[PDB]
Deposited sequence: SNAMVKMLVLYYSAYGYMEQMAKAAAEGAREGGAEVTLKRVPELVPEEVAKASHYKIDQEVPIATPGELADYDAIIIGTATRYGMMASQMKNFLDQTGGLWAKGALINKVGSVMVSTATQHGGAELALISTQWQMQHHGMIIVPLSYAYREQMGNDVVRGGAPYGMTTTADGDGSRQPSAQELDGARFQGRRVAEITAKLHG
């Protein structure tokens, strides 16, 4: 099995739920998933991650709450202490993906993906067209969509997780 790290920062519990969704989706993708959160400057049942352990995974999904469109200082400060890993090129060709929350945050997405790109990580974006197709799909199936994540957002997170998982699996097998 490929190993995936779901690393998140949640200020109000939203991004945590999104992260759990992504992790579940990734487990359904046949990956060994570990859920962790970044240090502070809330579910304590979730272990706190270290910057140096990121090289121990084949894929890394980063999700973070946002403040007025920018990265949360916690996630950015966490990723800033991965200079050694960068110097080694330890994260090169590892699969990565980013989730952001505004509970629009394009700048945050760009910044997080910037830090991930400079590590040489392969980036898996959102499936936008599919995510707008989803409403029509669930309408056809007989169950239309309609601070706390909706069903559509969670489904999107799950799908994202599984997609990243399968892609990683393809890259290792």
property	result
Unmodelled intervals of the deposited chain, in order	1-3, 45-56, 119-122, 166-175
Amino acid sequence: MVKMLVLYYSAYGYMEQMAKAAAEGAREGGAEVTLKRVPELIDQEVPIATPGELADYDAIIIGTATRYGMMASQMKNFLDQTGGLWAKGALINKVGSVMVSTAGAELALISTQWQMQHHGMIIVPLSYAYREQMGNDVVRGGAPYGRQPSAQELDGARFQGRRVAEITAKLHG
From here on, numbers count along this sequence of modelled residues.
| item | value |
| --- | --- |
| Higher-scoring stretch by recorded Cα B factor average, 42-50 or 64-72 | 42-50 |
| Residue stretch of maximal mean CA temperature factor, 113-121 vs 133-141 | 133-141 |
| Selection from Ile92, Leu85, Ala103, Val98 [criterion: highest C-alpha temperature factor in the record] | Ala103 |
| Cα B factor band for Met4 (lowest, middle or highest third within the chain) | lowest |
| Ranked C-alpha temperature factor of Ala151 among modelled chain residues, by third | middle |
| Chain-relative CA temperature factor third for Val164 | lowest |
| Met18, C-alpha B-factor rank within chain (lowest, middle or highest third) | lowest |
